[PDB]
Every structure is written in structure tokens, then in C-alpha cells.
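Engineer: Shown below is the structure under consideration.
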Amino acid sequence: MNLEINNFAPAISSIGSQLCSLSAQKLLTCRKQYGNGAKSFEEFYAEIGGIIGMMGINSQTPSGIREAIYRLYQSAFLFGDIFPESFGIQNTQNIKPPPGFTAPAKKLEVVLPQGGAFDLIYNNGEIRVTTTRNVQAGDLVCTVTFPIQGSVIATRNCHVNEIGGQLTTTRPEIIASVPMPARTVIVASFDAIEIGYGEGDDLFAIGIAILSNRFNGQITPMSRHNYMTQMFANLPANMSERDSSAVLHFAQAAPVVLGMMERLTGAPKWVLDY
Amino acid sequence: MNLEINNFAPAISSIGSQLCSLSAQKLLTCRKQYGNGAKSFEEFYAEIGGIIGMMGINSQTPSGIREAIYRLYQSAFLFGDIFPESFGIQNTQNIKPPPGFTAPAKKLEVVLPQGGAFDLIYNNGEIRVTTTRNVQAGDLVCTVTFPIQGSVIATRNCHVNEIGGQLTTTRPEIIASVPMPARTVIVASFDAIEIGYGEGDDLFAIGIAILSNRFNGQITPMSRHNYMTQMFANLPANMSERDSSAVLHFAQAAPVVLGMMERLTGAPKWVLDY
Amino acid sequence: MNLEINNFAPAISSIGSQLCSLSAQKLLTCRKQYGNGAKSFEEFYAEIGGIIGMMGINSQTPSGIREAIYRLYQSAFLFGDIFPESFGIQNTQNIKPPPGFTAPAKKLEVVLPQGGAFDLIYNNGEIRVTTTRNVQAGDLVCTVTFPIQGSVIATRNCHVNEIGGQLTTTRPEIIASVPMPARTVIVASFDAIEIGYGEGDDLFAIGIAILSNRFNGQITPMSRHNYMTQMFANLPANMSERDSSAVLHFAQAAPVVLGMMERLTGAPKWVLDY
Amino acid sequence: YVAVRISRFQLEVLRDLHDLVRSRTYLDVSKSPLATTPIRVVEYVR
Amino acid sequence: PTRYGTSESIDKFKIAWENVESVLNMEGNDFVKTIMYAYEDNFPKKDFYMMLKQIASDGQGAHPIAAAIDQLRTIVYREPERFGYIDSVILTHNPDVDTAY
Amino acid sequence: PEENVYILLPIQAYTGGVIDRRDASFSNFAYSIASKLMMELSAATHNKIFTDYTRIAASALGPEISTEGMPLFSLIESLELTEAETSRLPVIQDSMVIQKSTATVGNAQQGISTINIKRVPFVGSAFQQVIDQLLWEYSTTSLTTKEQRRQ
């Protein structure tokens, strides 16, 4: 999945996230006024559901909202060539902090040091490596590249920097604590939270397919974890952690709302409470 | 347990879910305005929080909504009235989709083939089998009977059909990929969701106790996972996924609301935001 | 972390939880009506986001509600003995039940027998011990000190009291079921819920430091799990299960509100919907 | 010839006489009376 | 914007503004409204309508005024017979009377 | 229509709504009815709170009993009740006891206060109860005691 993030991404993402939250709020407000009429829920929503008056939206239909979402998503993440003048993106002065991440860190990404001294396998929340040869204490065995935050449990034959059970750094590194012979195993379990949100995965699967169909050459269907890891890896380094969170919130919320508008079910909390 | 799901369950389930959601909304509304004082919260709720009126249901006491839940549940799932009391004037031609499932799939149900060449044990989110004899690459070793959807992680010595990290089918089948003699072990882990809801498990524990005390022959107390698996296994085969979702949502929401009326705490989002 | 909890803790905790809920609602309301402009969101919140009035507290600045939180926390969890015990017992004013715990039980706390026959290693929601010598079947090998409620999965060479897959007692004890030789293994996995709330862990980490900088001699930064275990172990011996729930809800809600006033993100449901 | 008809008529069937009873909310003026005069605030400069 | 012409849309916006000011607001000279009315002809119709849309769009969101409107609009929707309207009507040769009523 | 079946009819209570075919907005039609209703609710609750209700004096052999709503005897002829229902009616007349408690008024924005309330039962329809709930919410949205205001 190849894509470039333009340098005005936080400003685009603020508008996109506001639009997504408004659409979700309107969707919930509609489900509580259905009944007592001769009209399918889909038709009822297609009538009063899409009525949000924002600059750049030129329709009162969910189709117009999805077209606006398409336009905003294209500009920020796929082509830094086109800038949308329709929306009030030029006259933005500040951005609002997005909700905190909630996705549990089950499969956490690590990069092994060179020299093939270890064999890496993954478990539900733990990384276990095996010493193919004798290795002395005091050298790192693994470092995580996908940021996580939380407590550490069940550490064996390894040392991780923590104070009071809580991890200190955002990218923990695992080092040997006591010299060990070959063929032994060291483990590290984490009660951590990775980047991105967890709820709405069913709406993500059916939205990513939609926007991969529309953007055939740039996006392919794939799991939420891999999508978020690639999107984070494509972020520029010179970026404050407040802006990257705003970018990632829209990056995950756009497919969720796109799939939401198809299956008229509820909304995740992180989309509503923005 | 043993039960008999009638052909009209998808329609009765909508009325049941609407009743449960209205009860939850009333509970939180009364919880917001309780003025701490001499009367306990149970007395405050029993006086104002049970007055709800909808077509065919005109209760004015929590005993009334408890009786209505009993009636609808008995009619829909257990040996009970094939035809509900006010079903004629309900006009449930068009139904509102239920919220999507959010229950984590910790214990996942599989069944080995008739050959008997495998010994299977369970873990928190993964399964592993040991070959009792020699096994050739490219044969069935397992299959899931309880539908599941989500990502796949930590696959060793076996193959699962998935693209981009997401399972292609809702019922994956595990197939060996390498000629592996002499007591090998294959591991398959999933970051997936199973039919059911995750929140309000404390309420379910006592709701199931209440409605197994009333229907002491047909229903017995058990965990949420076993209850949901049996309920899904007793569904008719000639049924779409649009109606089975409503049936399962009501089947789990009834015990949750019954236990919610006992312990006057909040309500899960999947119950209230129906 | 050394601290003493008096018998007036539930009364203090009800007021504290109400204040936290009001502040969270105020923050969300001011967040949904923030128009991007010259004034930043932090300035916007400080002007009309701290003005909350109720019985007792009468402050119109975020510093005011911060100091109210400080006063309540010191009066509840750090002050030695407020009054003679009979004054508290004869209180007639009643309180409101707190929301049910939702924190998953990953590092479940257990203690081995005095014999030292077994060795304990932890995993995710799983306790596995090995036998140094031969021990007869039918005796306690592990007991749980931190209360836990939920289903039981993947038990090998051990037996637990459960009906329908659901645990019967809040403090399960693991006993041997079959005679075993030395160097064996017995496992016990749990899909359960412990004391605490799982959401809003990022805010807890930065709020515990804020309230530890003030009570430096009594409170130190630590993980949420350890904090909750110590708070539960420091509760007075004679207290109903209704009051301890309110005490623990306030004890966890104070740090998350302190951290939420710093990072202007959303509030968790268990704080908001009190 | 052509007939103009409706659908979805909503009516309430009570099935019992005790279902005609509802509840309202009133103010307890015995212990929470109504003020008759605004508080008089006299201010000075510092 | 798509429903009518620019002038008709401007007139509809003015009518809506007057209705809002009369339904809730008490009498007072609306400074912004007077400013926009007096200098209406110094701008082309498209840019005047764009400014009006910007004014209307500054207040969009889930705010206390909107929720108050929703609380009544959800009662109007759920009880059509009390407020004196029907959602739709059906015409046919042979009506099929419902036995339930 | 039959022995234990009682039917309540939906009579028109609030008249509103302007139909304009050129714009086909149901949302616009609802706003017109809702806005007219909001003004009527606001007019009823302006500078007034609900404190006065009819009752039966507390005698030596009975507690306080509410007589609010339709008189019970009107039902005698409106429903054409048999002897069983007429016998039942004095029993449900005496169960209409007024309840007393404390409640919380206001919200996070205006503020929070506790006052003393009453819950007076009455005989009527269900839409009546919804309208009364709306009126009570409108009247008590900004209620403050003298202590709180002074503080």
C-alpha cells in the first residue's frame, strides 16, 4: 500500500474527524425516532440522516457526505497534489486533541539485532526468543518499533526499564539480565495499548473494501493492525505527537464511517466522542 | 439447556430489544436525578423508573417490565405461546438492525476430524494440537463450528486462508503445511471477535440465575459463552444473518436487563444504544 | 505506598465521584462546541470548563476543582481517623451504586502454600505451576487473593469449583485432581474480570504522578494494577461490599480525572456515567 | 371509485383499569418554599 | 444549496433568519443582520450566499440548543396522530382491510 | 369494545406544521411543529413552578389521596362498566397515595441542587405523562436555593 502524507495533514484530518463525528451523531439521533411510520429504516435515514450543513458539502444525502469523505481522504493520504478549497481548511488556526488510543497490543512488532543470535516467535501478548548460542548479559535482544504504553507482566531472564510496574519509555527494549546457555528462552508479556482504536473492527473491514474499490491503485483490503502500522510508518519524523494522533484518528475513522453508512448499526465511542 | 425457537423469533426479538433499551434509558435517566438523601436508590427507582408504555406493553412498575420480559422470552425461545399477545397490531414489517458483536473470542470452539490423529488443548486465544502419528502436509486438522471474524497472529507449522492479515472466511479451517512426523505441535492464534457482547457480564450472571429460577426446567445457569454457543447451535439453518443477529441480541439482552434491574448500576452500550 | 482509610470513606467517595462525573460532563460539553479559532482549546476549557457548582464546592476555575479533588482524597485515603466509629454507623443519608468493574484480569494475584512444593510463573490470564516433588491428589496448590469473577477455560491436571463454565466463588482455589510425579505442570486460564476499570489507563498514568507530587511521602507512581491491589488490601476489615465499591471507584476516578484535566481528551464511560 | 386509505394507526390498549393511573411531579412547598424577595447584595470597593 | 437559485436561496435564508429571531429572540437591533442587509448589493450573489452559509456553518455541532430541538423533534416523529399529520397515504382499487383493528 | 378491553383514542392536542411542496423537507416540517411547541411549553412555565394539586383531606382513617385527572366516576359511564369493575374502582381510588422524596434539579451547565418534590398520581393517557415530564424539565432547568445563590 503506497501513499504519501502531505504536510497539511492535521488540518485536513480535523475537518474529516469533525465530519465523521457529526455523521455518527446524526445516525444515532435517527435510530431513536424510527417506528410509527411506513418507511424502511434505510429510507428514513436516507431522508433526514444526512442533513449536516458544513462548508464544502453540497448535498443533504449520505451520498454527499461519503463524496466529501472521499475527497478529504484523497487529498491528505493519497495525493499531496490536490488541495481542497471547498472546505474551510485555509482558515484553521488550532486543532483539538483526538481521543486516546484504546487498541490492545496483542501482536507487537519488534526488530531483531543483526547476527542471527536469536529466533523470534509471537504469542497472544508476549515475544519469546531462543538463544542459538551463548550470549552474555547486558546486550539488547529486541526493540519494539510500533509504540506501546502500559504495564509489564511475566518477565523472565530479561530486564525492562520500569518504575512501579509501569513502562517508562514508549519504545521499550529487552536486554539480558544474567548470562544464559544456548537453547534457553526468555519471555516478555505486556498489558499495553498500541496505536489506533479497537472498537468498530467489523465496520472497518467493510469500509476498507469500499475505499480500496474506489482507490484501486493505492489501497488494498487488509487488517486494521497492518493498515495502522503502515500508516504510522509513513508519517514524517519532524512531527509533534499531537499532530500525528490527529492524522491517525481520521485515518482510521474514515473507513469506519464509510462502512457505518452501509450497515446502519451503532457507532464506536471514539468516533462519537471527538 | 433445551429450547424451541419458533419461526417468529426475529419479530418478537425486535420488540424485546426495544423494551430492554427503553428500560435502560429510563434507568439512567432516573439515576441522573436521584438526590442523595434518606430514601435508598432502590425505593427511588421502584417509584418512577418502571413507568414505560409502548404498543402491547403498558407497565407502571419494574415488576411489570420483568413480567413483560418473561412473556416475550418464553414466547420467543422456550416451549411457549407460538403466538404473542399483542403481535397483531405491532406492525413489525420493517426491523431496525442490531448493534454489531463486540465479544472477544478468547475460547474458540473447534472439532477434530474422525481420524483421531490429534490431541487438542486450549489457551487464552490460541489452539494447539500434537500429532499422535505421522501426518502429511495439506490435510484438515481442525475446523471452527462457532463463527468468528478478525485478524490472525502467530501461525506456526500450519496454514490459514487469509489476505492482508484478515481471515477470508467466517469459519476458518486449519491445514498442515509441512511434512511433520514425530509428535509435532502446530499453533494458531487469532485476534478475532465471536458472536456475543463483552460488557455487562456481571449483570448476565444474575439475570441467567433469575430466568433459570423461573424456567427451572428448560434453562440452567452457566457462563455467557456456553449460553451463546448453545443458542447459536439451536438456530434453524434456513435463516439469514440479518434475523439471527436480532435473535441473538435479544437472547443476550434479556438476562442482562433482568440482572440490571436487580443491581441498580449502569447499562452496557450495546443494550442502551440499540 | 502507605496509607490508611477511615470509615467515612464511602461518604467522601460519593461526593468525589459526583464531582468527577460533573467535571467530565462539563469537559465533553465544552469539547463538542469548540469552534476552531484564535483561542486554543486549553484556553477555551480554562475559561468556561471549570465552573461547576454543587453542594459544598463553589469554585469556577480548574484549579478550584483540582484543589477540591486534593481535599477529598486527603480526607478519605490519607487522614488517620475522622470521627468515633458510632457517628459514621448511625448515618442515614444513602449513596448510589457505582458502575460495575470492567478491568480484565491478566496478572491475577495468587499465593503458594508454605511447603514450597511448587514454582509459580505467570502469563496472560493464566497461572502455571510445576512440582518439585511428588504430592498427593486433592490438596490446595494455589489460592487467589485478588477478587475475580468470570468464566474458566483450559484447566489441566487441576479442578476448580464451577457450574456451566462459570466460577462459583470469588476467590477460587486450585486443587490437584490426579496423582502426579515431580516436574509436572498444572495450568488454569481465566476469562474473568478483576477490581478496577480498564478504560482510561493513559490518564491514570499521568494523574498518579500529579497526585504523587503533592503527597510525596504517601503516594508514589506505580501501575494501575498494583495501585488497585494495594488500595483493596488497605481497606478496613469491617465494610460491606457496597461501600468498598464506591471507595474503589473514587480511588481510581481521582487520578484519571486529574490526568484528564491535563490532556484535554475524552473521559471514560465509568467516570462519565456515574 | 379509487379509495384513499392509511396505514400505521397507533392506539393504546390497556387491558386493565389500574393502567389508567399515571404520575406527575410537584414541588413540596411545605419544606422547600418559594422565595418572595431577592437577596439584597451591598458591595464596597477594595 | 442545490434546491433553488441563488436569489431564491438567499430569500429562503432571510426568511429563516427572521423566523428564528421572532420564534426565540426578544426585540433588539441585530447588528450583524443590519450590516449584511445594508451592504447586500456590494457583493456578487454567489459570495453573499457563501458568507451566509459560513455564518450558518459556524454553529454546526452537537450542542445544547441542538439537543433541545432533537428532544422535541423525536416526540413529533413518534406521535404523528397527536400533532395532526400522517407520513403518507395509499391509493388503490381494492383496499385490504386489516383484521387486527 | 369488550369486557376487560379499554381503548384510549389519540385526539389532536397540538396543531402546527406548514406544508410547502416546492421544498420536500420532512425535517423542515418537524422543526415548524417543534418550534411552535417549544414556545407553548416556555409560555406555560415562565416565572411559574408546579406546586398546586387537588387532594382528599387526610382524615382519621385514611392517608392523603390524590383526585387529580379524570374523575373516577366519569369512567362509570364512559367505559360502561359492569358490576365487577364498579366494585374494583373504590379499591384503586384508595391506592393513589402521594409520594414524597428529594430530587436533583439542573445539569452540569446551570448547576446542581436538591429540592423536595412530590409524586401525585393522576388518571389520564400516556402522552399526557410525556407532556408533563417535558413541562417539569422546562420549569426546573434553573432552580437554585437561597444558600447556594448566597454562597
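If you're wondering about the labels, chains in the C-alpha cells are A, B, ... by order shown, residues count from 1 in each chain, ligands from 1 in order shown.
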Over all Cα atoms in order, fit chain B to chain A and jot down the RMSD to one decimal place.
Structural biologist: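 Per the least-squares fit, the RMSD is 1.2 Å.
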Engineer: What are the closest atom pairs, with distances in Å to one decimal, for all residues of chain C lying within 10 Å of chain A? Consider only C-alpha atoms, order rows by chain and residue number, and present the result as a Markdown table.
Structural biologist:
| residue | atom | partner | partner_atom | distance |
| --- | --- | --- | --- | --- |
| C:28 | CA | A:273 | CA | 7.8 |
| C:31 | CA | A:274 | CA | 7.7 |
| C:32 | CA | A:274 | CA | 7.3 |
| C:34 | CA | A:96 | CA | 8.3 |
| C:35 | CA | A:94 | CA | 9.3 |
| C:36 | CA | A:94 | CA | 5.7 |
| C:37 | CA | A:93 | CA | 5.3 |
| C:38 | CA | A:93 | CA | 5.9 |
| C:39 | CA | A:94 | CA | 7.8 |
| C:40 | CA | A:94 | CA | 6.1 |
| C:41 | CA | A:96 | CA | 6.5 |
| C:42 | CA | A:96 | CA | 9.3 |
| C:104 | CA | A:191 | CA | 10.0 |
| C:106 | CA | A:191 | CA | 7.6 |
| C:107 | CA | A:153 | CA | 6.6 |
| C:121 | CA | A:154 | CA | 7.2 |
| C:122 | CA | A:154 | CA | 5.3 |
| C:123 | CA | A:154 | CA | 5.9 |
| C:124 | CA | A:125 | CA | 7.3 |
| C:198 | CA | A:102 | CA | 9.8 |
| C:199 | CA | A:102 | CA | 7.6 |
| C:200 | CA | A:100 | CA | 8.0 |
| C:201 | CA | A:150 | CA | 7.8 |
| C:202 | CA | A:100 | CA | 7.5 |
| C:203 | CA | A:100 | CA | 8.8 |
| C:205 | CA | A:166 | CA | 8.2 |
| C:220 | CA | A:164 | CA | 8.3 |
| C:221 | CA | A:164 | CA | 6.4 |
| C:222 | CA | A:164 | CA | 4.0 |
| C:223 | CA | A:166 | CA | 4.8 |
| C:224 | CA | A:151 | CA | 8.1 |
| C:225 | CA | A:151 | CA | 8.3 |
| C:226 | CA | A:165 | CA | 7.5 |
| C:227 | CA | A:164 | CA | 9.2 |
| C:263 | CA | A:97 | CA | 8.1 |
| C:264 | CA | A:97 | CA | 6.6 |
| C:265 | CA | A:99 | CA | 5.2 |
| C:266 | CA | A:99 | CA | 5.7 |
| C:267 | CA | A:99 | CA | 8.7 |
| C:268 | CA | A:269 | CA | 9.6 |
| C:269 | CA | A:269 | CA | 9.2 |
Engineer: Per residue of chain C within 7 Å of chain F, what are the shortest atom pair and its distance in Å to one decimal, counting only C-alpha atoms, with rows by chain and residue number, as CSV?
Structural biologist:
residue,atom,partner,partner_atom,distance
C:22,CA,F:108,CA,5.8
C:25,CA,F:108,CA,6.6
C:26,CA,F:108,CA,6.0
C:52,CA,F:111,CA,6.4
C:53,CA,F:111,CA,5.1
C:54,CA,F:112,CA,5.0
Engineer: What are the residues of chain D lining chain F at 8 Å or less? Count only C-alpha atoms, and put the answer as a ChimeraX atom specification.
Structural biologist: /D:10-18,20-29,31-32,39
Engineer: Using only C-alpha atoms and a cut-off of 7 Å, which residues of chain D sit close to chain E? Please list them as a list in words.
Structural biologist: residues 2, 3, 4, 5 and 6 of chain D
Engineer: Tell me, as a PyMOL selection string, which residues lie within 8 Å of stretch 23-40 of chain E, counting only C-alpha atoms; anything in the same chain fewer than 5 positions away does not count.
Structural biologist: (chain E and resi 48) or (chain F and resi 35-36+39)
Engineer: Find the residues around residue A:65 up to 10 Å (only C-alpha atoms counted), leave out those fewer than 5 positions away in its own chain, and share them as a list in words.
Structural biologist: residues 19, 20, 23, 50, 51, 52, 54, 56, 57, 58, 59, 60, 70, 71, 258 and 261 of chain A
Engineer: Running DSSP on the backbone, which parts of stretch 59-238 of chain A land in helix (DSSP H, G or I), as a PyMOL selection string?
Structural biologist: chain A and resi 62-78+201-214+224-233
Engineer: Since we have the selection now, will you write its residues out, keeping N, CA and C atoms, as a short mmCIF file (atom, residue, chain, number, x, y, z; two decimals), in the first residue's frame?
Structural biologist:
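File selection23.cif, as written:
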data_model
loop_
_atom_site.label_atom_id
_atom_site.label_comp_id
_atom_site.auth_asym_id
_atom_site.auth_seq_id
_atom_site.Cartn_x
_atom_site.Cartn_y
_atom_site.Cartn_z
N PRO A 62 -26.63 11.05 2.45
CA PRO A 62 -25.41 10.33 2.82
C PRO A 62 -24.43 10.15 1.67
N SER A 63 -24.92 10.15 0.43
CA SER A 63 -24.02 10.08 -0.72
C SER A 63 -23.12 11.31 -0.78
N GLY A 64 -23.67 12.49 -0.50
CA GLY A 64 -22.85 13.69 -0.47
C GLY A 64 -21.80 13.65 0.62
N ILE A 65 -22.17 13.15 1.80
CA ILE A 65 -21.21 13.03 2.89
C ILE A 65 -20.10 12.05 2.53
N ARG A 66 -20.45 10.93 1.89
CA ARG A 66 -19.42 9.98 1.50
C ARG A 66 -18.53 10.53 0.40
N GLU A 67 -19.08 11.36 -0.50
CA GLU A 67 -18.25 12.02 -1.50
C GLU A 67 -17.28 13.00 -0.85
N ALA A 68 -17.74 13.75 0.14
CA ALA A 68 -16.85 14.65 0.87
C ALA A 68 -15.76 13.88 1.59
N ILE A 69 -16.12 12.74 2.19
CA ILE A 69 -15.12 11.90 2.86
C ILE A 69 -14.10 11.40 1.85
N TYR A 70 -14.56 10.98 0.67
CA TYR A 70 -13.64 10.55 -0.38
C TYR A 70 -12.66 11.65 -0.74
N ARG A 71 -13.18 12.87 -0.95
CA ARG A 71 -12.32 13.98 -1.34
C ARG A 71 -11.28 14.29 -0.26
N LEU A 72 -11.72 14.36 1.00
CA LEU A 72 -10.80 14.67 2.08
C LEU A 72 -9.75 13.58 2.25
N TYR A 73 -10.15 12.32 2.16
CA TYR A 73 -9.21 11.22 2.29
C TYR A 73 -8.18 11.24 1.17
N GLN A 74 -8.60 11.49 -0.06
CA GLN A 74 -7.67 11.53 -1.22
C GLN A 74 -6.59 12.59 -0.99
N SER A 75 -6.99 13.82 -0.68
CA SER A 75 -6.03 14.94 -0.50
C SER A 75 -4.99 14.61 0.56
N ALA A 76 -5.43 14.32 1.78
CA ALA A 76 -4.47 14.12 2.88
C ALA A 76 -3.55 12.91 2.69
N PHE A 77 -4.09 11.71 2.45
CA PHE A 77 -3.24 10.49 2.47
C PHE A 77 -2.76 9.95 1.12
N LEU A 78 -3.43 10.23 0.01
CA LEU A 78 -3.01 9.57 -1.26
C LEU A 78 -2.23 10.52 -2.17
N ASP A 201 -14.19 -2.76 14.47
CA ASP A 201 -13.38 -3.56 13.50
C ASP A 201 -14.27 -4.12 12.39
N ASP A 202 -15.49 -4.52 12.71
CA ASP A 202 -16.45 -5.03 11.69
C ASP A 202 -16.78 -3.93 10.67
N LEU A 203 -16.88 -2.68 11.12
CA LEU A 203 -17.22 -1.55 10.20
C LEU A 203 -15.96 -1.18 9.42
N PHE A 204 -14.78 -1.47 9.98
CA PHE A 204 -13.53 -1.20 9.28
C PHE A 204 -13.35 -2.16 8.11
N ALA A 205 -13.70 -3.43 8.30
CA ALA A 205 -13.50 -4.42 7.24
C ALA A 205 -14.33 -4.10 6.01
N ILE A 206 -15.56 -3.62 6.21
CA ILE A 206 -16.42 -3.31 5.07
C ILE A 206 -16.25 -1.89 4.56
N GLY A 207 -15.53 -1.03 5.28
CA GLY A 207 -15.21 0.28 4.75
C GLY A 207 -13.90 0.32 3.98
N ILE A 208 -12.92 -0.46 4.45
CA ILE A 208 -11.64 -0.52 3.75
C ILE A 208 -11.82 -1.14 2.37
N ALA A 209 -12.72 -2.12 2.25
CA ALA A 209 -13.02 -2.69 0.95
C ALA A 209 -13.64 -1.65 0.02
N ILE A 210 -14.54 -0.82 0.56
CA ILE A 210 -15.18 0.21 -0.26
C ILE A 210 -14.15 1.20 -0.78
N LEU A 211 -13.31 1.72 0.11
CA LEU A 211 -12.35 2.73 -0.34
C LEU A 211 -11.16 2.13 -1.08
N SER A 212 -10.95 0.82 -0.99
CA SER A 212 -10.00 0.17 -1.88
C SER A 212 -10.58 -0.05 -3.26
N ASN A 213 -11.89 -0.31 -3.34
CA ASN A 213 -12.55 -0.37 -4.63
C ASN A 213 -12.52 0.98 -5.32
N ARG A 214 -12.77 2.06 -4.57
CA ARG A 214 -12.77 3.38 -5.18
C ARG A 214 -11.35 3.82 -5.55
N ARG A 224 -6.72 -4.29 10.24
CA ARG A 224 -6.57 -2.98 10.87
C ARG A 224 -5.16 -2.78 11.42
N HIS A 225 -4.57 -3.84 11.98
CA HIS A 225 -3.24 -3.73 12.57
C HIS A 225 -2.20 -3.37 11.53
N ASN A 226 -2.18 -4.09 10.41
CA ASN A 226 -1.20 -3.82 9.36
C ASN A 226 -1.42 -2.44 8.75
N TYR A 227 -2.68 -2.07 8.53
CA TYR A 227 -3.00 -0.76 7.99
C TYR A 227 -2.47 0.35 8.90
N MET A 228 -2.71 0.22 10.21
CA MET A 228 -2.25 1.25 11.14
C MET A 228 -0.73 1.28 11.23
N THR A 229 -0.08 0.11 11.20
CA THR A 229 1.38 0.09 11.25
C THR A 229 1.98 0.79 10.04
N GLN A 230 1.46 0.50 8.85
CA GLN A 230 1.97 1.16 7.65
C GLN A 230 1.70 2.66 7.68
N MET A 231 0.50 3.05 8.09
CA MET A 231 0.16 4.47 8.15
C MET A 231 1.07 5.21 9.13
N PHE A 232 1.39 4.58 10.26
CA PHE A 232 2.32 5.18 11.21
C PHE A 232 3.73 5.24 10.65
N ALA A 233 4.16 4.20 9.93
CA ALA A 233 5.49 4.19 9.34
C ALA A 233 5.65 5.21 8.23
#
Engineer: Show me a table, sorted first by chain and then by increasing residue number, of the residues of chain B having an atom at most 10 Å from chain E, each with its shortest atom pair and the distance in Å to one decimal, counting only C-alpha atoms and written as a Markdown table.
Structural biologist:
| residue | atom | partner | partner_atom | distance |
| --- | --- | --- | --- | --- |
| B:86 | CA | E:100 | CA | 9.5 |
| B:87 | CA | E:100 | CA | 9.5 |
| B:88 | CA | E:100 | CA | 5.8 |
| B:89 | CA | E:100 | CA | 6.0 |
| B:90 | CA | E:100 | CA | 9.7 |
Engineer: Taking only C-alpha atoms into account, name the residue in E:42, E:7, E:57, E:71 that is nearest to chain F.
Structural biologist: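 Closest to chain F of all the choices is E:71.
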